[PDB]
Amino acid sequence: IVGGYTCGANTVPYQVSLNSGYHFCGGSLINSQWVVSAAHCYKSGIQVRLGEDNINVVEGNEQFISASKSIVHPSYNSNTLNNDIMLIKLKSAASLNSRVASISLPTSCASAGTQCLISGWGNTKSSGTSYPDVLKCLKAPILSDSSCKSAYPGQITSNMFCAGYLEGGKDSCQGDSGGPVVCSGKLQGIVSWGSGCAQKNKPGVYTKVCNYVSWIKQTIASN
Ligand SMILES: [Ca+2]
């Protein structure tokens, strides 16, 4: 997250870190045994880390649970990033509490202008590299479809939305991928892509979660 703020420990209780020996992507806990992330975060050997603030210090609220299964969206296209969503099942259910909690799936899609919370452990610099130990947060509005398409000609599908600031300076970034965009208490987006980070006229692009609720629910119901 570039241009954000320190969230505060366990203030984003649905945020998870995906770990394969190190943090490599975010995700969102959607019930006690399932996480939503980005398909481009797929790999084998995932351990889901819940209850994290500092990802380099055991602070006492963590739960570390291996994945038993990954399910990349049927129609994921890694060239275009269309359908950039996957589900991860935990080998055991997380113990839900105030600090480790699921986030609601949307009933309805969110509109441009709605203010959302984007979070992660990704790079905090738009030039160069600095990766934080503690969770970072950014409040950002959803942008109109028109302005998203104008920023990224030939690239925005019906399964994507833009959020952030056209002036630059405030965005998600590498290492935030797969993490949440939460608006009025519902998971509306997944950190997906963007040209650089926090560049003028290059807002963040996010997977449009409301399009996937039926797939998520029926996948959970049979897996
Ligand atoms: Ca920790």
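Here, residue numbers run from 1 along each chain following its sequence as written; these need not agree with the numbering used in the entry, and residues that have no coordinates do not appear. Where side-chain values are given, they derive from all heavy atoms of the structure, hydrogens and water being excluded. Residues with missing side-chain atoms are left out of burial classes, side-chain pairs and their counts.

Method of determination, as given in the entry header: X-ray crystallography; reported resolution: 0.860 Å.

Details of the packing of aromatic side chains
The rule is short: rings of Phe, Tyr and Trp, with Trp giving its six-membered ring, pair when the centres are within 6.5 Å, and they are stacked under 30 degrees, edge-to-face over 60, tilted in between. A complete count under the given rule lists two aromatic pairs for this structure. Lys43 extends its terminal NZ or CZ atom over the ring of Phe24, reaching a point 4.1 Å from the ring centre. Geometry around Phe64 places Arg49 over its ring, the cationic atom sitting 3.7 Å from the centre. Charges are assigned to positions over rings by a cutoff of 6 Å between ring centre and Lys NZ or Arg CZ, combined with an angular limit of 35 degrees from the ring normal.

Points about the state of the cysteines
Our working definition of a disulfide is a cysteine sulfur pair at a distance within 2.5 Å. By the definition in use, this model includes six disulfides. Between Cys25 and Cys41 runs a disulfide, and the two sulfur atoms are separated by 2.1 Å. Judged by the sign of its S-S torsion, about -85°, the cystine formed by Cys25 and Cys41 is left-handed. Of the two residues, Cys25 sits in strand 3 (residues 23-31) while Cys41 sits in the loop between strand 4 (34-37) and strand 5 (47-50), which places them 16 residues apart along the sequence. Using a 1.4 Å probe on the protein chains alone, a residue whose accessible area is under 20% of its type maximum counts as buried, one over 50% counts as exposed, and one in between counts as partly exposed. Residue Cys25 is classed as buried on the basis of its relative accessible area, which comes to 5%. Across a sulfur-sulfur distance of 2.1 Å, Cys109 and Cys210 are joined as a disulfide pair. Judged by the sign of its S-S torsion, about 95°, the bond between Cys109 and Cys210 is right-handed. Residue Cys109 is found in the loop between strand 7 (86-90) and strand 8 (115-120), and its partner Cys210 is found in the loop between strand 13 (204-208) and helix 2 (213-222); the two are separated by 101 residues along the sequence. Taking the relative accessible area as the measure of exposure, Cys109 reaches 40% and is therefore partly exposed. Runs of H or I in DSSP of at least four residues are treated as helices and runs of E of at least two as strands, each being numbered from the N terminus.

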